[PDB]
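Form deposited in one PDB entry, single chain, as structure tokens, below.
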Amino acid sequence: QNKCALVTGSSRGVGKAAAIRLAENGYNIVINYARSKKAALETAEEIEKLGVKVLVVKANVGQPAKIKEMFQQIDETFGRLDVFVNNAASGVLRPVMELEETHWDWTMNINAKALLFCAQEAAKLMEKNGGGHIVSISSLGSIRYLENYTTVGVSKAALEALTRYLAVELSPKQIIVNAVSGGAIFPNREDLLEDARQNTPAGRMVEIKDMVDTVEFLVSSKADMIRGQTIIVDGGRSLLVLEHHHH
């Protein structure tokens, strides 16, 4: 019977919408959450009400043996994995390491490493059932806290370089690797949103479903020949420095 999809950081936000969409396409879903059993089980229930089996597993970026154990559970629950959505667009916070204080590159390095570690672990299981697909997604939401707590997101360059690297490592195992970078958009909640609305060309505010569509495309059998590509989905917001200058 059904194919299996793991989505990390999927008790809410983009992870949830991605796991929902995939449940609607008939995958059995693995929901992964870092603290917040509540949202996670709510989300599992929703999923379950479409037919489709669900498994809920807890683990966060800073937990290597818990991550391996999570894949060991997937194997014992479903015995296969087809689609892995390696989500660093979740806005989940992780403690700042002293290192990172010295340079932004160290954050990117730690976060790219986490993306790579997860994708490789996933690959050991996928290659039992003849491979499958990995799509890494990422957004650099905010910097609310820095007292510990920074993003798990990577920049587009690090994402590009990491996903080019994975496609060459994993194409020989029948794992199709791509990525999507962008990310949609505390107090003043409304005021920060109106600030962001007036600074964006009309009609060009990215939403969660926009990132979800692309992942869905990449994971359908209409994209099996796209390898190691990183697609920016953001309505052009990362190059707005050029539109305004070029007029």
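Think of the rigid core as the biggest set of C-alphas that the two forms share within 1.5 Å after superposition. Residue positions are given as counts along the sequence shown, with the first one as 1.
A second form of this protein, the form deposited in another entry, is not displayed here; the remarks below concern that form.
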Is residue 35 one of the residues whose C-alpha moves 2 Å or more between this form and the one not shown after the core fit?
no
Check your understanding: For residue 72, is the CA shift between this form and the one not shown at least 2 Å following rigid-core superposition?
Key -> no
Using a rigid core alignment, state whether the CA of residue 97 is displaced by 2 Å or more between this form and the one not shown. yes
Cα of residue 103 vs residue 34, shift of 3 Å or more in the other entry, relative to this form: the pair sits closer
Against the displayed form, residue 230 vs residue 141 by Cα, in the other entry, with 3 angstroms or more change: pair is closer
